């Protein structure tokens, strides 16, 4: 349960994926997933992400939780 962040190969150049495990409360150990644009904007849901990227690329099979396209 450590924070990890680096490049997401399923998104365009400069986009990054991050996992932050929750450390307390009822949801402790749960891992939230975020994405960061090249400009550093923080995304925490697929609808949010799709408003920035959904025109420039196909996101219909992108799995926000895993960060990969569903084959």
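Numbering follows the first chain given and starts at 1.
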Split the chain's modelled residues into thirds by Cα B-factor; is residue 12 in the lowest, middle or highest one?
middle
What third of its chain's C-alpha B-factors does residue 18 belong to: lowest, middle or highest?
middle
Test of reading the entry: by CA B factor among the chain's modelled residues, which third contains residue 57?
highest
Chain-relative CA temperature factor third for residue 30
middle
